[PDB]
10 protein chains.
Amino acid sequence: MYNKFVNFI
Amino acid sequence: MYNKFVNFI
Amino acid sequence: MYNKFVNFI
Amino acid sequence: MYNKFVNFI
Amino acid sequence: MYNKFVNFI
Amino acid sequence: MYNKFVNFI
Amino acid sequence: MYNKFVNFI
Amino acid sequence: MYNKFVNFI
Amino acid sequence: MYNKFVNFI
Amino acid sequence: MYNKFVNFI
């Protein structure tokens, strides 16, 4: 619910 | 529900 | 439900 | 719920 | 709930 | 050289 | 050289 | 060289 | 050289 | 040289 998982690799 | 999973690899 | 899974590889 | 997990590697 | 986990590595 | 090996399991 | 090997399993 | 090998399983 | 090996398991 | 090896297990 409205979670954000963001990766810059 | 309105989750965001974004990857820049 | 309104989930986003986006990949730039 | 409204959690943010962000990585710059 | 409104937790933030952010890494610059 | 600029190779990408990415797994979602 | 600029090869991409990506798996969604 | 610029080869792509992508699997959705 | 600029190779990326990323796993989500 | 500028290689990245990242695991989410």
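All values below come from the heavy atoms of this structure, side chains included, with hydrogens, waters and symmetry mates left out. Order of the sequence lines fixes the chain letters, A, B, ..., with proteins taken first and strands second; residue numbering starts at 1 for each chain.
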- Item | Main-chain N/O of I:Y2 paired to J:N3 side chain as donor or acceptor, under 3.5 Å | yes
- Message: Is there a side chain to side chain contact (heavy atoms under 4.5 Å, CB included) between A:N7 and J:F8? Walk through the geometry before answering.
- Response: CA-CA 11 Å; A:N7 301 294; J:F8 304 80; 3.4 Å; yes
- Message: Minimum heavy-atom separation for I:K4 and B:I9, please, with both atom names.
- Response: CD-O, 3.2 Å
- Query: Going only through I, L, V, M, F, W and Y residues with side-chain contacts under 4.5 Å, is there a path from C:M1 to C:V6?
  - Reply: no
- Task: I would like to know whether G:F5 and I:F5 meet side chain to side chain contact (heavy atoms under 4.5 Å, CB included); could you show each step before the answer?
- Result: CA-CA 10 Å; G:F5 183 20; I:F5 183 20; over 6 Å; no
